[PDB]
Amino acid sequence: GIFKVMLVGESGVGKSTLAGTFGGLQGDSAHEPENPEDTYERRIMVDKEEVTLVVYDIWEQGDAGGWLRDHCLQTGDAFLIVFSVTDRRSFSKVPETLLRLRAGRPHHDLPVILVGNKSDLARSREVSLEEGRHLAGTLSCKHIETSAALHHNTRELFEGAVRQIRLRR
């Protein structure tokens, strides 16, 4: 099968940087509509089963990005809601973002992971591992911390996404 995994969240959290750690073949305007710019495709093996995974980084801020956020929600098989552990403001918006996704696909059970990125930036940390874990508990979803910069837990993130999807299948 083909799985479509969508990186979403506030600007600056590390969505594009996370996308780059997937190691996928990057799309472009020449391969629109199915592999546009800011998409990354790769065949991967998870738990002895291969899947073609397309990782999307098209969650654009502002009015001009509305149709892309809609396309993102309409077509995603799973959603990675990314905040930065160095940016409490991004963390604070996690529940609203999650509820918009859930409410926007009311007939579907949406596979989601809450991603606390920039875990390497110890000096700049504003949100704790514990806090992020607790909010995920509250919101009924899996939590993981990543350093997109160091590729720490990034294999686990994308493998986890595939697992999330398979467990509704």
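Residue positions are given as counts along the sequence shown, with the first one as 1.
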- Task: Look over 60-68 and 138-146 in the entry and identify the one with the greater average Cα temperature factor.
- Result: 60-68
- Item | Higher-B stretch (mean Cα B-factor, as the entry records it), 102-110 or 26-34 | 102-110
- Message: Quiz for you: based on the deposited Cα B-factor, which of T52, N117, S124, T39 is highest?
- Response: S124
- Split the chain's modelled residues into thirds by Cα B-factor; is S90 in the lowest, middle or highest one? lowest
- Query: Where does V162 sit by CA temperature factor within its chain: lowest, middle or highest third?
  - Reply: middle
